[PDB]
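Here is the structure we will look at, set down as structure tokens.
Throughout, read-outs are computed from the coordinates displayed, never taken from laboratory work. Cβ coordinates were reconstructed from backbone atoms using ideal geometry, including for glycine residues, and neighbour counts include every protein chain displayed.
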Amino acid sequence: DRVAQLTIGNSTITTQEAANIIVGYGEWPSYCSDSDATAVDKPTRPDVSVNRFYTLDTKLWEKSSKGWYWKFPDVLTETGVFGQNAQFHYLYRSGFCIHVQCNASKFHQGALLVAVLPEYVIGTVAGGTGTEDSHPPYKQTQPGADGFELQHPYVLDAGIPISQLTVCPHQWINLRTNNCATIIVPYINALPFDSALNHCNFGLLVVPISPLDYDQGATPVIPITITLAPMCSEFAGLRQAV
Amino acid sequence: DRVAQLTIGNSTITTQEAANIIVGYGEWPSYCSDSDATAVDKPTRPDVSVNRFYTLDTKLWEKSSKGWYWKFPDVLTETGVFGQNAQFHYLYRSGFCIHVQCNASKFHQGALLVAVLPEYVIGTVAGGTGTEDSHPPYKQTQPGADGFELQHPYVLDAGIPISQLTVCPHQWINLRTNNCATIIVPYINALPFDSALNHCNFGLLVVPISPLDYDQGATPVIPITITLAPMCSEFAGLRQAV
Amino acid sequence: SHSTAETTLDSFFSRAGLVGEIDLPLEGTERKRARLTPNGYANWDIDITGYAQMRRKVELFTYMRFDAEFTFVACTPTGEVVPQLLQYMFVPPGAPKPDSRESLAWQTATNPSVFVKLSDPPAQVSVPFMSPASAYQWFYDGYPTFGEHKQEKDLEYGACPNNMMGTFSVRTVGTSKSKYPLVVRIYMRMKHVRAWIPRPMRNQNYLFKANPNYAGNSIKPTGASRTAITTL
Amino acid sequence: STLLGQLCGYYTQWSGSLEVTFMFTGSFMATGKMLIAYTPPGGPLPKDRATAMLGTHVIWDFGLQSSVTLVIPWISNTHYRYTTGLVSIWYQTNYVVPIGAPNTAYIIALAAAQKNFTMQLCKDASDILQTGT
């Protein structure tokens, strides 16, 4: 009966679920009272047009799914008006409301770990048994709004144990208990501003830890819908032509 | 989300269900301010050590199950510290919180009558057509913690009609409506104290009155879990050797 | 509606029922003699189930407490009254009963005795609540002897002796046998009734006095219908 | 596998209480009871469910999703440079499902230390780091 609307795009949502909303590192996104000069040409703080409800193409969860990840702000870097701002500016800064939702029956099974890992550097295989340093292409490091699938979920495709991914801001999606998860992300960098197209401040991981299951006859693929909204987006830079 | 903890042992429980708690004969278990001499060596009132959450082995309810019964305090007579106290004492007195619970789906079917009958004397067959007084063995009169199955539920194995068993403290477990039942039993005897191993103050009956049913493919056996906790247990006697 | 007094425990239980009937004939060409097995004197244990419907009635409850009024109607088997002096002796639970007409039990003062004639109206006495326990008990789920558990080589299960009420010893006064064939009928009335734990009413025929045993031919209270859908 | 375990690897002594949360990821229609038991050091693994019940235990029903967090009272390294606790999981009841629900479901275990937990003697142990070429 509840319809949450912010902007031009509207979304129907159940919240706040099993564990309420997760605010990353106990810190809400803020504008920047501090940075940096501060000069006359200083940040351009838009909303609510740019800072709206963006809903990515739905992903299909399968018995054999290994997991997906998205890079921020790379996902929206080509999407609508935010994509426009991020491209034709020099400096960028923002927070994010990330909302992940499943649609499944009470006869479906499984558990997703939804997490946010700042500076998510990818490492690919150097040969199954060997040492060849090849580094991931753009299609894998910055997979755009369509995201990318994990090759080795156990090591998060970076030699790092997924069993400890919960040190990062996270929320569980257990189809038995809840169908949705919400994570709030503040701007995290060693600089107040950075490049939107060259630096991905964090990655969003969605990994099945307990595999999807069902008896045969039920819908064999479960949709994972992702809605995300930038919160205190700030664009310095100025003019640009790509 | 509710976990009831009492002792060293913890139990997860839905309560209170359809018809509240049945306090047998409208009377809570009480200590013994009144009997006997009273002498200095008289009662030893332990708590909460002995008086804890004891959970018996689960029974499997089947389409063809006739029913089960347990004798008190014979059930706990060899179980843990209560068993120890009951055996190496001369006089005994106690009350009980009896909790019976089912785990079943919304596609399962059936109704259990859970009742408490003081001085539940068993009668066995004297031959299908004939007059031979054989009296039930210990395995049948005092069946221990594993309980015993009824041979002729209609007459409660004692020539007495189950259709009238509701004169005793009772609660229905109708899988459609409720999955659990709780009955509170005060100490009931013509004496304030008696032998724990030699006299069974009451029996606990659990009988399917409406048979278990399901379409084929669903779990064919429904678990009946029994948790019982002595409440105002009192042990006179003193020392003894088995 | 006005009064509900006929459904009180006293209305339900209290009236004098024919409990037992002691038979004392002369000597001769007869059999048996007897009865109740008197070489010349009968010992009658107090059994409230002497009256037939009484067992099922009281077994509606688990515990009971009451007084008892006993009345003794004596005559010849034709119902004639004759000039004979009788002795009714009450033998309290703990006490030894007579084993002959010449037993010292008959003159033991702590056995209250009644000396009445047949011409006299029937004798009448009250027996108090005799149990060492707080109440009588028609059901005892256990073994009274507090012995050695695992050794029940005696099918004793279900009996409780705390219910012993005493014994009545019937006798004609004298050293010589009576000139008349006699019958003594004992009537009992429960007086100050209290009952405690209600239970289902006996559903099957009784087989034995001391236990709820039933036969394998289990039968229903009544099943007159040919189907649930008809009524004739 | 836990961060806690990996952080202990950089130290010599530790002491405190532990929490282990068990999360049931089965179908919504699935139901049943598990018996989770903790056995203190020195004690042997309980021979059966019945004797496990006689000790510290939680009976976990699936009317409660994951809200079973077992608390381990105390851990210590007074010696290390049957002498550990023991946490057992038993079927109280069988696993029950209707038609159409998967007959197998998985449990995820999460663990951490409480705020009374402390570590003492710093000590570097390792796996590797790349050689010079």
Inset, instruction - Evaluate region B:209-228: report whether one residue or more is crowded, with 19+ Cβ neighbours inside 10 Å, under 16 Å from the mean Cα position of the chain (by Cα) and assigned to a loop (DSSP other than H, G, I, E, B). - result: no
Inset, instruction - Being of a type in the set (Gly, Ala, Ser) and in a loop (DSSP other than H, G, I, E, B) is the filter here, so list the residues in region C:28-49 that pass it. - result: C:28, C:34, C:40
Inset, instruction - Output the residue which, of all residues in region B:115-141 that are within 26 Å of residue C:196 (Cβ to Cβ) and assigned to a strand (DSSP E or B), is nearest to the other protein chains (Cβ to nearest Cβ). - result: B:118
Legend entry - Residue, nearest to the other protein chains (Cβ to nearest Cβ), within region B:162-176, restricted to residues that are part of a loop (DSSP other than H, G, I, E, B) and surrounded by 17 or more Cβ atoms within 10 Å (Cβ to Cβ): B:168
Legend entry - Single unsatisfied condition, residue D:37 versus (1) under 27 Å from residue B:16 (Cα atoms); (2) in contact with a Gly (Cβ under 7 Å, 6 or more places away or on another chain); (3) facing chain B (nearest Cβ under 9 Å): (3)
Inset, instruction - Please find, among C:119, C:126, the residue that is more than 8 Å from chain B (Cβ to nearest Cβ), loosely packed, with under 14 Cβ neighbours inside 10 Å and assigned to a loop (DSSP other than H, G, I, E, B). - result: C:119
Inset, instruction - Please indicate, with yes or no, whether at least one residue in region B:22-45 is buried (at least 16 other Cβ atoms within 10 Å of the Cβ), within 14 Å of chain D (Cβ to nearest Cβ) and β-branched (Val, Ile, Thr). - result: no
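Rundown of residues vs (1) surrounded by fewer than 20 Cβ atoms within 10 Å (Cβ to Cβ); (2) under 19 Å from residue B:120 (Cα atoms); (3) touching a helix residue (DSSP H, G or I) at 6+ places or on another chain (Cβ under 9 Å), yes/no style:
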residue	(1), (2), (3)
C:151	yes, no, no
C:169	no, no, yes
C:182	no, no, no
C:204	no, yes, yes
C:207	yes, yes, no
C:214	no, yes, yes
C:223	yes, no, no
Legend entry - Residues satisfying the stated conditions in region C:1-19, i.e. in contact with a strand residue (DSSP E or B) (Cβ under 9 Å, 6 or more places away or on another chain) and either exposed (fewer than 10 other Cβ atoms within 10 Å of the Cβ) or among the small types (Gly, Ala, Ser) (or both): C:14, C:16, C:17
Legend entry - Top-ranked residue of region B:74-84 - restricted to ones that are surrounded by fewer than 23 Cβ atoms within 10 Å (Cβ to Cβ) and not aliphatic (A, V, I, L, M), ranked as farthest from residue B:216 (Cα to Cα): B:84
Inset, instruction - With the condition kept exactly as written, say whether any residue in region C:128-147 is more than 30 Å from residue B:72 (Cβ to Cβ) and in contact with a strand residue (DSSP E or B) (Cβ under 9 Å, 6 or more places away or on another chain). - result: yes
Inset, instruction - Check region B:9-21 and report whether any residue there is within 14 Å of chain D (Cβ to nearest Cβ), of a type outside the set (S, T, N, Q) and in contact with a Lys or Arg (Cβ under 6 Å, 6 or more places away or on another chain). - result: yes
Inset, instruction - Might you let me know whether region D:84-103 holds any residue that is aromatic (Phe, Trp, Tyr), out of contact with any strand residue (DSSP E or B) (no Cβ under 8 Å at 6 or more places or on another chain) and farther than 30 Å from residue A:63 by Cα? - result: no
Inset, instruction - With the condition kept exactly as written, say whether any residue in region B:52-74 is more than 14 Å from chain D (Cβ to nearest Cβ), part of a helix (DSSP H, G or I) and within 30 Å of residue B:241 (Cβ to Cβ). - result: yes
Legend entry - Criterion violated by residue D:64 - all others in (1) within 14 Å of chain A (Cβ to nearest Cβ); (2) crowded, with 21+ Cβ neighbours inside 10 Å satisfied: (2)
Inset, instruction - Taking the residues in region B:100-114 that are outside any loop (DSSP other than H, G, I, E, B) and in contact with a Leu (Cβ under 8 Å, 6 or more places away or on another chain) as candidates, determine which candidate is farthest from the other protein chains (Cβ to nearest Cβ). - result: B:111
Inset, instruction - Scan region B:142-161 residue by residue and report those that are of a type in the set (A, V, I, L, M, F, W, C) and at the interface with chain C (Cβ under 7 Å from one of its Cβ atoms). - result: B:155, B:158, B:160
Inset, instruction - Being under 22 Å from residue B:212 (Cα atoms) and of a type outside the set (A, V, I, L, M) is the filter; apply it to region B:108-126 and report the residue that is nearest to the chain's Cα centre (by Cα). - result: B:110
